[PDB]
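Asks: Structure of the sequence below:
(one chain, ligands or ions: 1)
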Amino acid sequence: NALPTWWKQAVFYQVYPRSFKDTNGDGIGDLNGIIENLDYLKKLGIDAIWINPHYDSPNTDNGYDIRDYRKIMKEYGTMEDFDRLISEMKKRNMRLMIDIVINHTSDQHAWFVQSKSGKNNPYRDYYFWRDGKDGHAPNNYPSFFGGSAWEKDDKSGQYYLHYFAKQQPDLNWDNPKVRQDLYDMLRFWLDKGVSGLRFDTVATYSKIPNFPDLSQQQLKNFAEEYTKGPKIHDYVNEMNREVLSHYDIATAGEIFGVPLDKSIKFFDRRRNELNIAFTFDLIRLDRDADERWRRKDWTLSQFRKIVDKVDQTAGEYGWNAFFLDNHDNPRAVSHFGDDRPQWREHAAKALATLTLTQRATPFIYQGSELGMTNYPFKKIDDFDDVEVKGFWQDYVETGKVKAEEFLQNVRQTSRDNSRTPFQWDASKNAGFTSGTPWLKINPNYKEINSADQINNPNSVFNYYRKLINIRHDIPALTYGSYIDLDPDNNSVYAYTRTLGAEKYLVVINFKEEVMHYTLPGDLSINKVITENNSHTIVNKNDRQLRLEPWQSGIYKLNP
Ligand SMILES: [Ca+2]
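Replies: Residues are numbered from 1 along each chain as shown. Coordinates below:
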């Protein structure tokens, strides 16, 4: 029964404003820098842009600690700039999604400033304030960003709750006044015409009644305890009923800490909650659930089995986003491909083909379209992210893990690998800034930059452009049902996308050797749609493919 919508068949691009384009030489990207480059994104073929938080913030967590929801970040520009970004996008038929961060505010936000003044302030129970127990915190909750999730306040002697930085106190959603104020805030932005909202850590809004301690076992996977709040779907559905269902918008849910088997309740269209699932299963398939900075080896069979299970779980009534990287994860060509110079461009084109042939709304993160890589961080001070500093404090400063072993993992897992500034050209600081970038630019910018690619028809950029054109032209690549040809194959990832008689096959060789691959059953090729790194001709009725290393392709199959 499912209906097409613009957001199901959109190709989104994600801009992290702080690292996209600086137009005033302070080293920090800003809104004018986005506006300046809308034609570049239109040329790529992007339907909609999701921007990370753009609100007044002290930047403990680069926009995710909001000091005033109705004001533009000072480093990003003014309200007039933000309105111009909407206006200039609208002229180009591009839709804007903004990031909604309402699990918590900055500890500088006026509500918290008031809350913390005494048990008595009308804003006290806007946040969570509990007595200590035995001269320590109210319970054994840890924070995602290091140490205890409870911060002592010497004035009152109680502690306040912060799942994330102590500068990110959690809002009390159990207070209907808090929920009402947040809805008013959402209407202020929605009335400006924004087309989409992405809800940061949407699954933590409901806290566990009476805050009991976590078990020893729970402490090793605590995020999954924080998403078990008994009213979470009541609150998300109330927000849908009172606000979301009043605008023509697309809503995405970042369901951090939600196991896949509890995800469909946020996205089933019958439930009137949210529209698009942002899950962590694939992008962190190789991350430890306890030591969340640690990675382990992974295989293509592990990867594809997660793709399939994520696809199955959305089923008839939910809907997924699909992304291999974003501002919270290492770059896709490094993590999932081979970023050495022999292979980088082929592997980036193969992961683009994978991304843009999923039954999901694809999100392209800034710079993935050039094949940008992870950055060669050497020492702990080369990073800037609050989260990596919290993991260092919890695991290296306690002597639990050697500094060098920790660094070998966070070089591969740090959020900062995707935050080095966008590589526009081969000029100084890759054309990102006339001043000093806030985070050092990868020296590979001389090889990997947009200017070198945009007019080269063989570039990663133009392969993405072609794939997006192909996706927009073939309905089965958006809405077709997905079948993995062999979930246990660790060499060649092959799967079909089917709408009625229209059946297409995607084949990607993840090996760096030639692989012969014979199709199953009676499948045979009707025609080639696109290939990268092919050295062979594929004809009507062919049943076998010779795949060069990192070869990728889309084919239409015979009925
Ligand atoms: Ca700037």
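Asks: Can you give the domain ranges for the chain?
Replies: Using curated CATH domains, the domains assigned to the chain come out as 1-105+176-480, 106-175, 481-559.
Asks: Quick check: buried residues in stretch 112-119?
Replies: By neighbour count on 16 or more other Cβ atoms under 10 Å, the buried set for stretch 112-119 is 112, 115-116. Where you see a C-beta, it was placed from the backbone N, CA and C, and this is true even at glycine.
Asks: Just the ones of those residues in helices?
Replies: Among the buried residues of stretch 112-119, the ones falling in helices (DSSP state H) are 112, 115-116.
Asks: Closest one to the ion out of those residues, please.
Replies: Each of those was scored against the ion by Cβ to the ion, and residue 112 proved nearest at 27.9 Å.
Asks: Look up the closest residue to the closest one, ignoring the ones flanking it.
Replies: Counting by Cβ to Cβ, 6 or more residues apart in numbering, residue 112 lies nearest to residue 169, which is 5.2 Å off, once chain neighbours are set aside.
Asks: How about residue 303?
Replies: residue 285 (6.3 Å).
Asks: could you measure the residue in the stretch 351-500 of the chain that the ion sits nearest to against residue 425, distance?
Replies: The minimum distance from the stretch 351-500 of the chain to the ion, using Cβ to the ion, falls at residue 433 (7.1 Å). Shown here: residue 433 relative to residue 425, a distance of 12 Å by Cβ to Cβ, to the nearest Å.
Asks: Which one of the two is surrounded by more residues?
Replies: residue 433 (23 against 16; other Cβ atoms under 10 Å).
Asks: Is the more buried one in a helix, a strand, or coil?
Replies: coil (DSSP: H, G, I helix; E, B strand; the rest coil).
Asks: Can you give me the neighbour number for residue 1?
Replies: If we define neighbours as other Cβ under 10 Å, then residue 1 has 5 of them.
Asks: quick one: the spatially closest residue to residue 401 that is not a sequence neighbour and residue 524, what's the gap?
Replies: Among residues not flanking residue 401 along the chain, residue 395 sits closest, at 4.5 Å (Cβ to Cβ, 6+ apart). Using Cβ to Cβ, residue 395 is found at 54 Å from residue 524.
Asks: Between those two, tell me which one has more neighbours.
Replies: residue 395 (21 against 15).
Asks: From what I see, that one and residue 291 are in contact.
Replies: Yes: Residue 395 is within contact range of residue 291, at 6.7 Å (criterion: Cβ atoms under 8 Å).
Asks: intersection of neighbour lists for the two?
Replies: Contact criterion Cβ atoms under 8 Å, 6 or more residues apart in numbering; residues bridging residue 395 and residue 291 by contacting each: residue 401.
Asks: burial measure for the residue nearest to residue 557 when sequence neighbours are not counted, as a count.
Replies: Once flanking residues are discounted, residue 557 sits nearest to residue 503: 4.5 Å by Cβ to Cβ, 6+ apart. By other Cβ under 10 Å, 20 other residues sit near residue 503.
Asks: Is residue 503 in a helix, a strand, or coil?
Replies: strand.
Asks: got a list of what it touches?
Replies: 476, 480, 496-497, 556-557, 559.
Asks: Among those residues, name the ones in strands.
Replies: Among the contacts of residue 503, the subset assigned to strands under DSSP state E consists of 496-497, 556-557.
Asks: Please list the residues of the chain that sit near the ion.
Replies: 22, 24, 26, 28, 30 (Cβ under 5 Å from the ion).
Asks: Looking at the residues you listed, which one is closest to residue 159?
Replies: Using Cβ to Cβ, residue 28 comes nearest to residue 159 of the residues of the chain next to the ion, at 33.6 Å.
Asks: Tell me if I'm right that the closest one and residue 16 touch.
Replies: No: the pair residue 28 / residue 16 is not scored as a contact, 11.3 Å apart, by Cβ under 8 Å.
Asks: Just read off the phi/psi values of the residue nearest to the spatial centre of the chain.
Replies: In the chain, the residue lying closest to the centroid (Cα atoms, centre = their mean) is residue 326, at 4.3 Å. For residue 326, the backbone dihedrals (degrees, to the nearest 10) come out as phi -180, psi -170.
Asks: so how far is the ion from it?
Replies: Using Cβ to the ion, to the nearest Å, residue 326 is found at 22 Å from the ion.
Asks: Give me the neighbour count for the nearest residue to that residue once chain neighbours are set aside.
Replies: Spatially, and ignoring its direct neighbours in sequence, residue 326 is nearest to residue 365 (4.9 Å; Cβ to Cβ, 6+ apart). As a burial measure, residue 365 scores 23 neighbours (other Cβ under 10 Å).
Asks: Residue 365 is in contact with residue 323, isn't it?
Replies: Yes: taking Cβ under 8 Å as the definition, residue 365 is a contact partner of residue 323 at 6.7 Å.
Asks: Common neighbours of these two, please.
Replies: What both residue 365 and residue 323 touch, as defined by Cβ under 8 Å, 6+ apart, is the set residue 14.
Asks: How about the contacts made by the residue of the stretch 351-500 of the chain closest to the ion?
Replies: 22, 25-27, 29, 421.
Asks: quick one: which two of the residues you listed are the most distant?
Replies: Among the contacts of residue 433, 25 and 421 lie farthest apart (Cβ to Cβ), at 13.2 Å.
Asks: out of those two, which sits in the busier spot?
Replies: Neighbours per residue, other Cβ under 10 Å: of residue 25 and residue 421, the larger number sits with residue 421, 29 against 10.
Asks: quick one: the residue nearest to the more buried one when sequence neighbours are not counted from residue 37, how far?
Replies: Take residue 421 and drop its neighbours on the chain: the residue closest to it by Cβ to Cβ, 6+ apart is residue 432, 4.0 Å away. According to Cβ to Cβ, residue 432 and residue 37 sit 11 Å apart.
Asks: where does the helix or strand hosting residue 346 sit relative to the chain's centre, distance-wise?
Replies: Using DSSP states H and E, residue 346 sits within helix 344-355. Remark: helix 344-355 is offset 18 Å from the chain centroid, using Cα atoms, centre = their mean, to the nearest Å.
Asks: Give the next helix or strand downstream of it.
Replies: strand 361-365.
Asks: Can I get that following strand in PDB, CA atoms only?
Replies: What follows is strand 361-365 as a C-alpha-only set of coordinates in PDB (Å, rounded to 0.1, in the frame of the first residue of the first chain):
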ATOM      1  CA  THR A 361      16.900   7.900   1.500                       C
ATOM      2  CA  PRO A 362      20.600   8.200   0.900                       C
ATOM      3  CA  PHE A 363      22.600  10.900   2.800                       C
ATOM      4  CA  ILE A 364      25.900  12.000   1.200                       C
ATOM      5  CA  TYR A 365      28.200  13.600   3.700                       C
END
